[PDB]
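*Asks:*
So this is what it looks like as structure tokens:
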């Protein structure tokens, strides 16, 4: 293997895709960034450690630019009005086999499949109702 | 429309699909659990709060159980041998359009798509390298 | 260029080979872990530090698990029944050129070469005689 | 039958080979030393002891000299300009069968096999990267 | 792509080129050293940290040794008679585009181009006048 | 000699070059500035002093304008969002001959040659990986 490669983060179907590429590995934290200024980039980081004697935790973070009315390459302040931050922590018991970890991945991607309630609440700027 | 519906969390291709259904909304936390005893159930919860004045924060959690049957006092009880915990917080600026929010949802599902680096690492009990 | 990669810790033929893959490099400690349950995994770590003004000191550690299943109360968990622990410290003065380091490496692999006294004493639960 | 014998610590070709020959086995410590001046000699020792009720612990040590001549007051002495010191401790539970010991030995020699990350970091005055 | 590769630090036109190669990344500091003993090696290190909220700061260091062979205790050791130290810190706003960053790199190499004032002064043990 | 002249700081190959010209020499600190307002100028300064009894230090500073979305001659605030700052300190032992200083200059320009890792990390808005 060799996991640390470029991948498509936003698939707008071929044209307008956002690819994110390896950009830092200081401290064994893999970072991927898109081709933009660091203030407007899509950024992804991932690391894993044994959190307790019984568990490992993957910590995954994503930053996504507010794009409507963006000025590309512009200085946009305040930073917080222009960025969304995702923070995932996955705690997996040391007993989990690879098959177990496959299922955890499937649960994670089921949660976010189109049409399911959580992605469609987020995208519609809504809560659950 | 009411987006509080049942959905399939783990798609094992029609056979042994784990599907999760609305089960509680007390205290503004939407909860979905699978059709098991509460001791062995998959659980998904979601809540949105306006965290800052200019942010909203979604908090989503998933529990994946490893089911087992334990003998306690000479009696067999349905139990989960361990659970894995996904815990994610998403902070979105209030200035984000629905098209901006769709970008976040697309980035989150691209992150976990089959074959991209992070799902591969998790599924292999590996780190990124 | 990278030497933090996957490698074969045990060529046990060309099939039952044990491979260890990069897992974490926090705080200057490179760690590699084999796949499947962390509870039954082989682990290797390595770190180098300037122990004195004139010396650098590598600390390398390897753990070899005896794979087993713990069954308690009817619940079975994949565990390591026990682990052997190798721990080695190699001190090298800053005056060593690369050729001197190659020789140190050849001494290390000669020490453990198949058929020589130390590897064959260990392999047979035995001391020197 | 004896494993306290001479052996090749460095096959540096088939000519500049460094051989270590039995020197002393006092107090359960087997010692081997290469020929010519003890001051420039390679040294290997090995001892095994029941560290705990359940464990035996091997302690192996190797010293690699940098050969040199000290000249003081016109008197020259064959000396070691400096020495690298390898020191390793291997703990094995009394439950290990001979096959488990063979595997422990294969893990040790895989760790140091030519081309793998640890031997090639050492060989190049380098850490992991 | 992995930009952590070997490069030639001092180009003496093919003959006596000093070339430096990846040697450590512990603690997020990429290190390159030349192929000498650690006592006589050229060393280059580089690290990036997000210094402010709106800045990132690169810290690059270079050590150029003047090699020598010293007699200590009647024994000759490979040594550096002195080292010269380049130490540079670059602070870049997060709003800088990759085209903005290319401008910085072009300015830094124009600064040291052969024949411009600063390289000439350094090379002549002169100040600017 | 007479080092203090105009030179090309950014060579965009004839057309679009940035020339920086002598602009101040108060306190023996040579300053060069481009033809712009002081808030948008490329600025270079250089000075040398004996830092210790054994060393001299050249202190070189460069300021580079953020140019993407720049308004030429405009008032752009905050200043820190619109400027990058380079700071180099070169410490050279008083024993270094001119030949030694030539080599230090070559090491400095090798570090920054196109294609080598440090300039290409900077230009790609990246760390080392």
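Residue numbers (full-length UniProt numbering), protein chains in the order written: chain A, 2 to 130; chain B, 2 to 130; chain C, 2 to 130; chain D, 2 to 130; chain E, 2 to 130; chain F, 2 to 130.
Note that beta-carbon positions come from the ideal geometry of N, C-alpha and C, so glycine has one too.
(1) If the criterion is Cβ atoms closer than 8 Å, does the pair residue 19 of chain C and residue 43 of chain C meet it?
(2) Residue 21 of chain B and residue 123 of chain A - do their beta-carbons sit closer together than 8 Å?
(3) Please state the DSSP three-state secondary structure of residue 121 of chain B.
(4) Buried or exposed: which applies to residue 32 of chain B, given that a residue is buried once 16 or more other Cβ atoms fall within 10 Å of its Cβ?
(5) Ordered along the chain, which non-local residues of its own chain (more than five positions away) have a Cβ less than 8 Å from that of residue 129 of chain E?
(6) With the cut-off set at 8 Å, would you say residue 65 of chain C and residue 48 of chain C are in Cβ contact?
(7) Considering Cα atoms alone, identify which of E/59, E/85, E/10 and E/126 is closest to residue 98 of chain F.
(8) In or out: residue 134 of chain A buried (at least 16 other Cβ within 10 Å) or exposed?
(9) Compute the Euclidean distance between the alpha carbons of residue 109 of chain A and residue 28 of chain A, then round it to the nearest angstrom.
(10) Strictly under 8 Å for the Cβ-Cβ distance: is residue 117 of chain D near chain E by that measure?
(11) Near residue 1 of chain D, what residues of its chain come up, given a Cβ to Cβ distance below 7 Å and the 5 sequence neighbours on each side ignored?
(12) Determine whether the beta carbon atoms of residue 94 of chain E and residue 55 of chain E lie at a separation below 8 Å.
(13) Taking only the alpha-carbon atoms, compute the straight-line gap between residue 12 of chain F and residue 23 of chain F and give it to the nearest angstrom.
(14) What is the rounded straight-line gap between the Cα of residue 39 of chain E and the Cα of residue 82 of chain D?
(15) Report the rounded CA-to-CA distance for residue 63 of chain A versus residue 116 of chain E, giving the unit in angstroms.
(16) Would DSSP call residue 80 of chain F helix, strand or coil?
(17) Could you have a look at residue 30 of chain C and say whether DSSP puts it in helix, strand or coil?
(18) Could you have a look at residue 104 of chain C and say whether DSSP puts it in helix, strand or coil?
(19) Is it buried or exposed, residue 26 of chain A, if we count other Cβ atoms within 10 angstroms and call 16 or more buried?
(20) Just checking my contact of residue 10 of chain B with residue 112 of chain A at CB under 8 Å: how many whole Å lie between their CB atoms?
(21) So, helix, strand or coil for residue 39 of chain E, using DSSP?
(22) Got a sec, what are the start and stop residues for the beta strand (DSSP E) residue 10 of chain C sits in?
(23) Whose CA, out of C/76, C/102, C/45 and C/77, lies closest to the CA of residue 89 of chain C?
(24) What are the residues that DSSP puts in a beta bridge with residue 70 of chain D?
(25) What are the boundary residues of the beta strand (DSSP E) that includes residue 48 of chain E?
(26) Using a Cβ cut-off of 7 Å, which residues of the region 24 to 46 of chain C contact any Cβ in chain A, in chain order?
(27) Relative to the C-alpha of residue 6 of chain D, which residue among D/84, D/77 and D/34 is closest?
(28) Could you give the residue range of the beta strand (DSSP E) that holds residue 25 of chain B?
(29) When the Cα of residue 61 of chain B is compared with those of B/4, B/87 and B/17, which residue comes out closest?
(30) With DSSP collapsed to three states, give me the class of residue 91 of chain D.
(31) Under a CB-based cut-off of 8 Å, is residue 121 of chain E close to chain F?
(32) How about residue 86 of chain B: is its C-beta nearer than 8 Å to some C-beta of chain C?
(33) Determine the burial state of residue 77 of chain F: buried for a count of at least 16 other Cβ atoms within 10 Å of its Cβ, exposed for fewer.
(34) Taking 8 Å as the limit between beta carbons, can you name the residues of its chain near residue 70 of chain E, skipping five residues before and five after?
(35) Report the neighbours of residue 52 of chain E on chain A: residues whose CB is nearer than 9 Å to its CB, in chain order.
(36) Residue 17 of chain A: which of A/3, A/36, A/102 and A/4 sits nearest, CA to CA?
*Replies:* Answer, in terms of the structure:
(1) Taking 8 Å as the cut-off, the Cβ atoms of residue 19 of chain C and residue 43 of chain C count as close.
(2) In this structure, residue 123 of chain A sits away from residue 21 of chain B, with a CB-CB distance that is not shorter than 8 Å.
(3) Under the three-state reduction of DSSP, residue 121 of chain B is assigned to helix.
(4) It counts as buried.
(5) The beta carbon of residue 129 of chain E lies closer than 8 Å to those of 118, 119 and 122 in the same chain, with the five residues before and after it left out.
(6) A distance of 8 Å or more separates the beta carbons of residue 65 of chain C and residue 48 of chain C.
(7) Considering only alpha carbons, the answer is E/126.
(8) With chain A represented from 2 up to 130, any question about residue 134 of chain A goes unanswered, as that position is not in the structure.
(9) Cα-Cα distance, rounded: 26 Å.
(10) The beta carbon of residue 117 of chain D sits no closer than 8 Å to any beta carbon of chain E.
(11) A query on residue 1 of chain D cannot be resolved here, the shown segment of chain D reaching from 2 to 130 and no further.
(12) Residue 94 of chain E places its beta carbon less than 8 Å from that of residue 55 of chain E.
(13) Residue 12 of chain F and residue 23 of chain F have their alpha carbons spaced roughly 18 Å apart.
(14) If I take the Cα positions, the gap works out to 16 Å.
(15) For residue 63 of chain A and residue 116 of chain E, the gap between their C-alpha atoms comes out near 47 Å.
(16) Helix.
(17) Secondary structure of residue 30 of chain C (DSSP, three-state): coil.
(18) In the structure shown, residue 104 of chain C sits in a helix (DSSP, three-state: H, G or I).
(19) Label assigned to residue 26 of chain A: buried.
(20) Sure, about 6 Å apart at Cβ, within 8 Å.
(21) Note: residue 39 of chain E maps to coil in three-state DSSP.
(22) Unbroken beta strand (DSSP E) run through residue 10 of chain C: 8 to 11.
(23) Nearest of C/76, C/102, C/45 and C/77 to residue 89 of chain C, Cα basis: C/45.
(24) Looking at the DSSP assignment, residue 70 of chain D forms a beta bridge with D/79.
(25) Run containing residue 48 of chain E: 44 to 50, per the beta strand (DSSP E) assignment.
(26) Cβ proximity to chain A below 7 Å picks out 24, 25, 26, 27, 36, 37, 38, 39 and 40 from the region 24 to 46 of chain C.
(27) Out of D/84, D/77 and D/34, D/34 has the C-alpha closest to the C-alpha of residue 6 of chain D.
(28) Boundaries of the beta strand (DSSP E) harbouring residue 25 of chain B: 19 to 25, taken from the DSSP string.
(29) Measuring from the Cα of residue 61 of chain B, the nearest candidate turns out to be B/87.
(30) Taken through DSSP and simplified to helix, strand or coil, residue 91 of chain D comes out as strand.
(31) Chain F places a beta carbon closer than 8 Å to that of residue 121 of chain E, counting this residue as a contact.
(32) It does not; no Cβ of chain C falls within 8 Å.
(33) Counting C-beta atoms within 10 angstroms of its own C-beta, residue 77 of chain F has 16 or more neighbours from the protein chains shown and is therefore classed as buried.
(34) Non-local beta-carbon contacts of residue 70 of chain E in its own chain, meaning distances under 8 Å to residues more than five positions away in sequence, involve 77, 78, 79 and 80 in chain order.
(35) The CB of residue 52 of chain E never comes closer than 9 Å to any CB in chain A; the least such distance is about 12 Å.
(36) That would be A/36, whose Cα lies nearest to the Cα of residue 17 of chain A.
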